[PDB]
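Asker: Below is the file final-v9.cif, which contains mmCIF, C-alpha atoms.
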```cif
data_model
#
loop_
_atom_site.group_PDB
_atom_site.id
_atom_site.type_symbol
_atom_site.label_atom_id
_atom_site.label_comp_id
_atom_site.auth_asym_id
_atom_site.auth_seq_id
_atom_site.Cartn_x
_atom_site.Cartn_y
_atom_site.Cartn_z
ATOM 1 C CA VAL G 1 -18.949 1.046 49.462
ATOM 2 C CA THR G 2 -17.915 4.266 51.187
ATOM 3 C CA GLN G 3 -16.183 7.110 49.388
ATOM 4 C CA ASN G 4 -14.347 9.818 51.308
ATOM 5 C CA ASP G 5 -12.203 12.001 49.059
ATOM 6 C CA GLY G 6 -10.821 8.822 47.540
ATOM 7 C CA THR G 7 -9.661 5.681 49.349
ATOM 8 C CA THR G 8 -13.141 4.157 49.177
ATOM 9 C CA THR G 9 -13.506 1.180 51.495
ATOM 10 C CA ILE G 10 -15.914 -1.722 51.195
ATOM 11 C CA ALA G 11 -17.390 -3.085 54.409
ATOM 12 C CA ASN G 12 -19.940 -5.886 54.490
ATOM 13 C CA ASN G 13 -23.536 -4.935 55.261
ATOM 14 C CA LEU G 14 -25.157 -7.838 57.057
ATOM 15 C CA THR G 15 -28.701 -6.543 57.359
ATOM 16 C CA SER G 16 -29.426 -5.552 53.765
ATOM 17 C CA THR G 17 -31.482 -7.754 51.486
ATOM 18 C CA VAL G 18 -31.627 -8.932 47.888
ATOM 19 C CA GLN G 19 -35.001 -9.656 46.329
ATOM 20 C CA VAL G 20 -35.533 -12.173 43.540
ATOM 21 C CA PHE G 21 -38.552 -13.410 41.660
ATOM 22 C CA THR G 22 -39.217 -15.698 38.740
ATOM 23 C CA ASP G 23 -42.383 -14.799 36.878
ATOM 24 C CA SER G 24 -43.317 -18.288 35.567
ATOM 25 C CA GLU G 25 -46.631 -16.869 34.300
ATOM 26 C CA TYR G 26 -44.952 -15.034 31.416
ATOM 27 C CA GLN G 27 -46.514 -11.696 32.321
ATOM 28 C CA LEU G 28 -43.381 -9.702 31.452
ATOM 29 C CA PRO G 29 -41.669 -8.736 28.222
ATOM 30 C CA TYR G 30 -39.463 -11.710 27.441
ATOM 31 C CA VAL G 31 -35.987 -10.321 26.847
ATOM 32 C CA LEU G 32 -34.138 -13.655 26.676
ATOM 33 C CA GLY G 33 -35.158 -14.638 23.155
ATOM 34 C CA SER G 34 -32.569 -12.614 21.259
ATOM 35 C CA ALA G 35 -28.807 -13.035 21.372
ATOM 36 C CA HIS G 36 -27.271 -10.655 23.893
ATOM 37 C CA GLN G 37 -24.217 -10.288 26.108
ATOM 38 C CA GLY G 38 -24.008 -10.818 29.829
ATOM 39 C CA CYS G 39 -24.694 -14.520 29.862
ATOM 40 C CA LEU G 40 -22.794 -16.825 32.169
ATOM 41 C CA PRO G 41 -19.148 -16.802 31.080
ATOM 42 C CA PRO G 42 -17.811 -19.870 29.299
ATOM 43 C CA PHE G 43 -15.018 -20.533 31.661
ATOM 44 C CA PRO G 44 -15.986 -21.173 35.261
ATOM 45 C CA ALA G 45 -13.144 -19.187 36.803
ATOM 46 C CA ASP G 46 -14.655 -15.970 35.471
ATOM 47 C CA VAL G 47 -16.902 -13.602 37.428
ATOM 48 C CA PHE G 48 -19.662 -11.804 35.569
ATOM 49 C CA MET G 49 -21.819 -8.730 36.052
ATOM 50 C CA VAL G 50 -25.574 -9.260 36.085
ATOM 51 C CA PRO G 51 -27.090 -7.318 33.167
ATOM 52 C CA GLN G 52 -29.701 -4.600 33.428
ATOM 53 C CA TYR G 53 -33.306 -5.272 32.436
ATOM 54 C CA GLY G 54 -35.221 -3.056 30.048
ATOM 55 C CA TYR G 55 -37.764 -3.465 27.307
ATOM 56 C CA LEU G 56 -39.281 -1.809 24.272
ATOM 57 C CA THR G 57 -42.896 -1.190 23.330
ATOM 58 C CA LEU G 58 -44.961 0.187 20.475
ATOM 59 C CA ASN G 59 -43.990 3.619 19.252
ATOM 60 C CA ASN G 60 -44.493 6.195 16.531
ATOM 61 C CA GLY G 61 -41.221 7.946 15.811
ATOM 62 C CA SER G 62 -39.654 8.547 19.230
ATOM 63 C CA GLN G 63 -43.012 9.320 20.838
ATOM 64 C CA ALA G 64 -45.123 6.657 22.513
ATOM 65 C CA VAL G 65 -48.448 5.339 21.269
ATOM 66 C CA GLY G 66 -51.211 5.016 23.872
ATOM 67 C CA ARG G 67 -51.051 1.268 23.304
ATOM 68 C CA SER G 68 -47.634 0.974 24.894
ATOM 69 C CA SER G 69 -47.860 -0.575 28.302
ATOM 70 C CA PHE G 70 -45.315 0.096 30.987
ATOM 71 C CA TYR G 71 -44.674 -2.700 33.464
ATOM 72 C CA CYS G 72 -43.582 -2.061 37.011
ATOM 73 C CA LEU G 73 -41.662 -5.050 38.296
ATOM 74 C CA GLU G 74 -42.041 -4.052 41.930
ATOM 75 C CA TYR G 75 -45.604 -5.227 41.560
ATOM 76 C CA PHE G 76 -44.933 -8.971 41.564
ATOM 77 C CA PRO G 77 -44.505 -11.166 44.639
ATOM 78 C CA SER G 78 -40.800 -11.743 45.181
ATOM 79 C CA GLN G 79 -38.716 -13.512 47.790
ATOM 80 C CA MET G 80 -36.281 -11.373 49.782
ATOM 81 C CA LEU G 81 -32.937 -12.822 50.808
ATOM 82 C CA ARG G 82 -30.519 -11.759 53.503
ATOM 83 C CA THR G 83 -27.122 -13.360 53.872
ATOM 84 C CA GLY G 84 -27.812 -16.973 54.693
ATOM 85 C CA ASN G 85 -30.865 -17.580 52.510
ATOM 86 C CA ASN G 86 -31.000 -19.458 49.214
ATOM 87 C CA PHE G 87 -33.537 -19.244 46.396
ATOM 88 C CA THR G 88 -34.202 -22.357 44.358
ATOM 89 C CA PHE G 89 -36.799 -23.169 41.704
ATOM 90 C CA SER G 90 -37.407 -26.161 39.426
ATOM 91 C CA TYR G 91 -38.698 -26.069 35.844
ATOM 92 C CA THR G 92 -39.782 -28.868 33.498
ATOM 93 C CA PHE G 93 -39.680 -28.462 29.715
ATOM 94 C CA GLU G 94 -42.569 -29.231 27.387
ATOM 95 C CA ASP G 95 -41.830 -32.013 24.937
ATOM 96 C CA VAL G 96 -39.993 -30.650 21.904
ATOM 97 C CA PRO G 97 -38.608 -32.462 18.865
ATOM 98 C CA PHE G 98 -34.980 -33.516 18.988
ATOM 99 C CA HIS G 99 -32.368 -31.250 17.574
ATOM 100 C CA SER G 100 -30.895 -32.952 14.538
ATOM 101 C CA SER G 101 -27.146 -33.226 14.864
ATOM 102 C CA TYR G 102 -26.817 -35.544 11.881
ATOM 103 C CA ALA G 103 -25.894 -34.489 8.366
ATOM 104 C CA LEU U 1 -60.231 -15.121 5.868
ATOM 105 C CA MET U 2 -63.346 -13.099 6.683
ATOM 106 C CA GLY U 3 -63.048 -13.939 10.355
ATOM 107 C CA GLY U 4 -64.195 -16.295 13.046
ATOM 108 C CA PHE U 5 -63.793 -19.941 13.828
ATOM 109 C CA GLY U 6 -62.990 -22.427 11.102
ATOM 110 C CA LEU U 7 -64.858 -25.618 11.949
ATOM 111 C CA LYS U 8 -64.745 -29.036 10.332
ATOM 112 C CA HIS U 9 -68.252 -29.833 11.572
ATOM 113 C CA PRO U 10 -70.159 -26.554 11.660
ATOM 114 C CA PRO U 11 -73.536 -26.156 13.294
ATOM 115 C CA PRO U 12 -75.745 -28.080 10.888
ATOM 116 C CA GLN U 13 -78.059 -26.232 8.555
ATOM 117 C CA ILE U 14 -81.713 -26.057 9.539
ATOM 118 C CA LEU U 15 -83.999 -26.118 6.513
ATOM 119 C CA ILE U 16 -87.739 -25.487 6.748
ATOM 120 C CA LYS U 17 -90.607 -25.572 4.261
ATOM 121 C CA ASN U 18 -94.377 -25.320 4.149
ATOM 122 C CA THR U 19 -95.942 -28.579 3.093
ATOM 123 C CA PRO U 20 -97.818 -27.841 -0.140
ATOM 124 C CA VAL U 21 -101.596 -28.101 0.014
ATOM 125 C CA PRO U 22 -103.415 -28.763 -3.279
ATOM 126 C CA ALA U 23 -106.408 -26.656 -4.248
ATOM 127 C CA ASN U 24 -109.638 -27.991 -5.729
ATOM 128 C CA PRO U 25 -108.570 -30.927 -7.918
ATOM 129 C CA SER U 26 -110.922 -31.598 -10.793
ATOM 130 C CA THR U 27 -113.274 -34.556 -10.605
ATOM 131 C CA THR U 28 -112.094 -36.474 -13.661
ATOM 132 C CA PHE U 29 -108.636 -37.975 -13.371
ATOM 133 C CA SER U 30 -105.574 -36.355 -14.931
ATOM 134 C CA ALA U 31 -101.989 -37.558 -14.703
ATOM 135 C CA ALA U 32 -100.326 -34.140 -14.932
ATOM 136 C CA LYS U 33 -99.134 -32.818 -11.586
ATOM 137 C CA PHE U 34 -100.870 -30.023 -9.702
ATOM 138 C CA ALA U 35 -100.097 -26.533 -10.949
ATOM 139 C CA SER U 36 -102.233 -24.692 -8.371
ATOM 140 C CA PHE U 37 -101.972 -24.660 -4.590
ATOM 141 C CA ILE U 38 -103.409 -22.814 -1.646
ATOM 142 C CA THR U 39 -101.391 -19.660 -1.039
ATOM 143 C CA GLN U 40 -100.171 -19.872 2.532
ATOM 144 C CA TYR U 41 -97.260 -19.003 4.782
ATOM 145 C CA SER U 42 -96.210 -19.872 8.295
ATOM 146 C CA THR U 43 -94.640 -18.033 11.200
ATOM 147 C CA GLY U 44 -93.431 -18.539 14.740
ATOM 148 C CA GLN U 45 -90.578 -18.001 17.133
ATOM 149 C CA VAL U 46 -87.048 -19.380 16.921
ATOM 150 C CA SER U 47 -84.697 -19.703 19.890
ATOM 151 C CA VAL U 48 -80.929 -20.055 19.542
ATOM 152 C CA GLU U 49 -78.700 -20.462 22.583
ATOM 153 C CA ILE U 50 -74.915 -20.707 22.509
ATOM 154 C CA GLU U 51 -72.565 -21.345 25.420
ATOM 155 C CA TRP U 52 -69.303 -19.454 25.054
ATOM 156 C CA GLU U 53 -66.100 -20.239 26.923
ATOM 157 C CA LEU U 54 -63.804 -17.367 27.852
ATOM 158 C CA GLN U 55 -60.127 -16.819 28.585
ATOM 159 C CA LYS U 56 -59.909 -14.639 31.665
ATOM 160 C CA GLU U 57 -57.602 -11.633 31.423
ATOM 161 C CA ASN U 58 -54.603 -11.914 33.729
ATOM 162 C CA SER U 59 -51.987 -9.232 33.313
ATOM 163 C CA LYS U 60 -49.659 -7.046 35.319
ATOM 164 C CA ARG U 61 -49.605 -3.908 33.156
ATOM 165 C CA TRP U 62 -49.328 -0.868 35.403
ATOM 166 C CA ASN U 63 -50.994 1.887 33.411
ATOM 167 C CA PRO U 64 -54.629 1.769 32.284
ATOM 168 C CA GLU U 65 -55.715 0.032 29.104
ATOM 169 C CA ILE U 66 -57.772 1.180 26.176
ATOM 170 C CA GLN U 67 -61.459 0.357 26.451
ATOM 171 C CA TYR U 68 -64.464 0.621 24.172
ATOM 172 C CA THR U 69 -66.371 3.697 25.309
ATOM 173 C CA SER U 70 -69.459 5.339 23.867
ATOM 174 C CA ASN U 71 -68.672 9.066 23.753
ATOM 175 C CA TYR U 72 -70.459 11.248 26.312
ATOM 176 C CA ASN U 73 -71.201 14.178 24.008
ATOM 177 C CA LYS U 74 -74.843 15.111 23.458
ATOM 178 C CA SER U 75 -76.251 14.092 20.076
ATOM 179 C CA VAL U 76 -79.552 13.871 18.205
ATOM 180 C CA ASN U 77 -79.656 10.065 18.371
ATOM 181 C CA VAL U 78 -77.983 7.795 20.890
ATOM 182 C CA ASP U 79 -75.762 5.165 19.321
ATOM 183 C CA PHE U 80 -77.064 1.597 19.001
ATOM 184 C CA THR U 81 -80.626 2.707 19.653
ATOM 185 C CA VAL U 82 -83.829 3.192 17.709
ATOM 186 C CA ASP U 83 -84.511 6.507 16.020
ATOM 187 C CA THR U 84 -87.765 8.445 16.152
ATOM 188 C CA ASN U 85 -89.247 6.313 13.364
ATOM 189 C CA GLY U 86 -88.285 3.016 14.971
ATOM 190 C CA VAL U 87 -85.358 2.086 12.745
ATOM 191 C CA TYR U 88 -82.560 0.406 14.690
ATOM 192 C CA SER U 89 -79.127 1.420 13.442
ATOM 193 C CA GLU U 90 -75.581 0.377 14.278
ATOM 194 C CA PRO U 91 -73.391 3.497 14.143
ATOM 195 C CA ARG U 92 -69.919 2.024 13.616
ATOM 196 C CA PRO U 93 -68.188 -1.361 13.363
ATOM 197 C CA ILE U 94 -66.780 -2.669 16.618
ATOM 198 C CA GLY U 95 -63.606 -4.695 16.401
ATOM 199 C CA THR U 96 -62.719 -7.035 19.224
ATOM 200 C CA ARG U 97 -59.103 -6.032 19.900
ATOM 201 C CA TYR U 98 -58.604 -3.577 22.765
ATOM 202 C CA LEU U 99 -56.952 -5.342 25.684
ATOM 203 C CA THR U 100 -53.211 -5.561 25.235
ATOM 204 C CA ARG U 101 -50.970 -8.564 25.802
ATOM 205 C CA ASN U 102 -47.225 -8.312 25.395
ATOM 206 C CA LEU U 103 -45.980 -10.175 22.357
#
```
Would you write the structure of this file as C-alpha cells?
Answerer:
Amino acid sequence: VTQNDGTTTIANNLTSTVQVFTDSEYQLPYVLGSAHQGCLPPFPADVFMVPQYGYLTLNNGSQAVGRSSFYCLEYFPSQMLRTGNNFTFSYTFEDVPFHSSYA
Amino acid sequence: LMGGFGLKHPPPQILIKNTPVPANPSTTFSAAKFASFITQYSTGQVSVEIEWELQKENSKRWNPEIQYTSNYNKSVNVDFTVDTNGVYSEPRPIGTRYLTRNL
C-alpha cells in the first residue's frame, strides 16, 4: 500500500514472501487452549483478519521474575512462500474417548 | 508425599546377620538354650550401581536459564568439602528444579 497525501493505492508486490511454520514439537506457549476471537468465521462468505500472537509469563506485580522466558519465534525453521507456493501439513490425533452426546 | 518414585515392586531389602557362634558349652548336657556367645562383628565393602535414564532438554527459550552455581566469594570452608578436622558437611539443600519448561 502506498500513501501520498491521501488516495493510497494498492499495487501487487510479486517478489515479497510470507513465511509460515508449524512447531509440532510444542516448544512455544500454547495460546489456542482458551476461548478467543479471530477464529475462522462461521459463514464461508466472510473474510477474516489473522490475529496477533503474544504470550504471558511469570511475574511479580508488573515487573518480571528472572524465571520468565522470552521466546523469539524467528529462531525456528520456517518455510517461506512467494506467490505460487502452497504450504500443507498433516496431523493425526491420539486416541481420545468419545464425546458423549447422549443424555 | 516426601518425594521420589512410587514403586509397586521396590528394590528388595537386603538383610544381613552374623551367624552366632556358641562359647564353651559345659560338658554335662543341659536343655536350656545358649545364653553366651563369642562377641564378634563383621565388615567389608558394599557396591551399589544404578542405571538412570534421562530426558534430554530440548527447548527454544532465547534468554539464558537459571543454573545451580556455587558462589565465587572467598570463604573459610569451601562448600561440599571436608573441614580442617575431616568432617564432611553439606551446606544447603539442593532442589532439582531449575530448568524451565513452558506450562
Asker: Near region 47-57 of chain U, within 10 Å and counting only C-alpha atoms, which residues show up once chain neighbours fewer than 2 positions away are dropped, as a VMD selection string?
Answerer: chain U and resid 45 59 to 60 99 to 101
Asker: Where does the PyMOL selection byres ((chain U) within 8 of (chain G)) land in this file, that is, which residues does it pick, as a ChimeraX atom specification?
Answerer: /U:59-63,65-66,100,102-103
Asker: What's around region 84-90 of chain G at 10 Å? Count all atoms listed in the file, leave out sequence neighbours fewer than 2 positions away in its own chain, and write the answer as an NGL selection string.
Answerer: :G and (14 or 17-22 or 79-82 or 92)
Asker: Rounded to one decimal in Å, what is the spacing between CA of residue 44 (chain G) and CA of residue 83 (chain G)?
Answerer: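 Computing the Euclidean distance for CA of residue 44 (chain G) and CA of residue 83 (chain G) yields 23.1 Å.
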Asker: Quote the spacing between CA of residue 53 (chain G) and CA of residue 67 (chain U) in Å to one decimal place.
Answerer: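 Atom-to-atom, CA of residue 53 (chain G) to CA of residue 67 (chain U), that is 29.3 Å.
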Asker: What is the CA of residue 46 (chain U) to CA of residue 17 (chain U) distance in Å?
Answerer: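 Pair CA of residue 46 (chain U) / CA of residue 17 (chain U) returns 14.5 Å.
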